[PDB]
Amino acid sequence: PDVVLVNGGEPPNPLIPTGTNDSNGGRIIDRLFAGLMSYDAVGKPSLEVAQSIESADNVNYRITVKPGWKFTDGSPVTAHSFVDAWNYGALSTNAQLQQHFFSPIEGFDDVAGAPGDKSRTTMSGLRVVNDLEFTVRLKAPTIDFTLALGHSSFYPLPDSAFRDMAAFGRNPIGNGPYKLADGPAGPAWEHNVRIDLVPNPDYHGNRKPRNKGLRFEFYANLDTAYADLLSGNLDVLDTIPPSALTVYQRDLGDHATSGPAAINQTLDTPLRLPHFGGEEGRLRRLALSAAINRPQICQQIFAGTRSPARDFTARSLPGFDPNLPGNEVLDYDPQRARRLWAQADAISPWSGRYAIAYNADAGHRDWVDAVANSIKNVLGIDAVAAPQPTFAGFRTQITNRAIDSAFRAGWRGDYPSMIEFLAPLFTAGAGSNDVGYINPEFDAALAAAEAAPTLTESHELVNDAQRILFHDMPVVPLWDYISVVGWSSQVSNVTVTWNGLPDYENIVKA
């Protein structure tokens, strides 16, 4: 098998960049497209499809597109390929999960509040100048906007996409380093089984593949994946399962690497659930946080491969501070947890069951069982785990709001910015706000951080904003990741990126 075999999972949603907010779809999307910038293994952006990106003020942007780029259907990548895709993502009528990434652009409010009788379908701040040039006017200085231009929300789309976006999402056509295979025995995307990609011969950008293709195998169980790794039937496994964390070093030797990654994990309890809204719900979320022993779970369940949360972002990000005032809400304190739960009971006495739903295909069983048992023992309530088989179905129930319990969540960074760990999850309208948290004061504080002229002041304002999150506990931050990645004896040049994923394009296979 010339192709590199790596682990993945069925995407919950069609393969439309602005419609993808999860890592299963994301790891495919990022192989199929090339954006204005591309990111290296440490998350630094470089010009890719853009010939230049100019802004002196973080408000006005002039973007020129390199000539000669095309999609795999032969059509050219133009300024329109970007502007039309961004307007599609921003328009509320299209219900794109990545809509919030367009929020800084002037005119976003015309298209995003709702479908509306607004009569406007495009953003006034986004203006084509010529076939290979467009300008962007932001509502306010936005410190991360340039950095974000390597993210999938901003990928260009071919003209055909807009005539039938459902068809596009089933069979995407991109401009990136790989393309969907022309499989010799069935479709490239075998739903719930695998996706096969081959190099795109048109592509001459910054991420040229060093291998002959990629096969993302959609494992139902990470123990199966680990067994395949040890037998050489899998080439790269980006998540060693809990059952192997005390053993992977002896099993794999120098074919496994570990390190902090900008990924976190949270316990999400929708504010719409019984006993979990209003001030009552805030007190109960604070109680849950005090009822969980993060150091102990990190040591025993994860064998030291998770680090207890100290904020709502991740230890490895620029500006992170593990000693923020008020972060004591993230310390284990059973007496405090019981006091807070009782104070919530003063509003309305608790009744029923507290269930933590999770996707069993990614090794969460041990920690969810431990957290549920900790809550049960500290607070004296009926707390249980509620496994579901697949990430795709689990996320679908979270997104459509069918899910009727608490559930695990967590963010893998898209670019290295604390703001990017907060805006998609906790601002009022964000598509990845799974719990219905709304606090206009937090959104305002975060906007102030985005408007800072320097990264230093911006980081200070981000952490100021996180004081509100310590008070509201919109979700319960658990820990951030020490990624552990293993690979077979048939591949080399395996680098783990800043956000825990293999650097797929650069893997080599003899």
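The numbering used is simple: start at 1 and walk along the sequence shown.
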| item | value |
| --- | --- |
| 396 to 404 set against 238 to 246, stretch whose average Cα temperature factor tops the other in the entry | 238 to 246 |
| Of 419 to 427 and 219 to 227, the one with larger mean CA B-factor | 219 to 227 |
| C-alpha B-factor winner, where the candidates are 350, 312, 86, 189 | 350 |
| Which of 476, 32, 49, 447 ranks first by CA B-factor in the deposited coordinates | 447 |
| Chain third (lowest, middle, highest) by recorded CA B-factor, residue given as residue 40 | middle |
| Where the record places residue 494 (Cα B-factor, split into thirds across the chain) | highest |
| Modelled-residue ranking by C-alpha temperature factor, third containing residue 26 | lowest |
| Relative C-alpha B-factor of residue 97, binned into the chain's lowest, middle or highest third | lowest |
| B-factor third for the C-alpha atom of residue 472 within its chain | middle |
